[PDB]
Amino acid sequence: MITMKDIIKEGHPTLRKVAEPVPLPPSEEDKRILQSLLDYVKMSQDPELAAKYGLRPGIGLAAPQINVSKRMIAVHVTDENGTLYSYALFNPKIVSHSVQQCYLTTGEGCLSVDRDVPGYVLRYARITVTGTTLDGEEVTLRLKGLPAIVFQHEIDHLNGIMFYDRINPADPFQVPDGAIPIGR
């Protein structure tokens, strides 16, 4: 049961480290931690539960954000067609992606970053991710759009990368030729 007081903030060294892979089959404690990421993402999205326990809504979360330097991520997001993508994975990795990029026109926010950081965060429009689930299933997920963006954001945390690292340092709102802007 993670709450905002368990979330570390930008500046904490753990957020810039490369997380350690998780030995499989997982220990009961590593399963507990991964499950806890997924439960926080789901719960943070019920505004009543968020207010009750002091959570901030997130559509994804990575172990390093609660100061656990291990390769674990959770994702719970609905795409533009109304389809839910809910996952809790050990050792996720993007094995291939599109050359074409996309980005949210609103920019991105991070639970560990307490301040408006303006600008487009460039992401691949399509990706393929492998990982192992809480029940030992090895999955290969072909994702696009917002779900693909969320996976890139959480996997980035496991490599010590923050979203603003992918914002153009010269003109944050540079419009990339051919890139898909996402935002209605």
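Position 1 is the first residue in the sequence shown; the rest follow in order.
Chemist: Mean CA B-factor: is it higher for 11-19 or for 169-177?
Modeler: It is 169-177.
Chemist: When the C-alpha temperature factors are averaged for each of 24-32 and 60-68, which stretch ends up with the higher value in the entry?
Modeler: Comparing 24-32 with 60-68, the higher average CA B-factor belongs to 24-32.
Chemist: Among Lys144, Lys52, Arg115, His157, single out the one with the highest C-alpha B factor in the record, please.
Modeler: Largest recorded C-alpha B-factor: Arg115.
Chemist: Based on what the PDB entry reports, which of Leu122, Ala148, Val129, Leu134 has the top C-alpha B-factor?
Modeler: Reading the PDB entry, the winner on C-alpha B-factor is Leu134.
Chemist: Could you place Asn81 in the lowest, middle or highest third of its chain by Cα temperature factor, using the values in the record?
Modeler: Top third by C-alpha B-factor.
Chemist: Of the three thirds of its chain by CA temperature factor, lowest, middle or highest, which one includes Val95?
Modeler: Tercile = highest for this residue's CA B-factor.
Chemist: Looking at the temperature factor on the CA atom of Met43, which third of the chain's modelled residues does it land in?
Modeler: It falls in the middle third of the chain.
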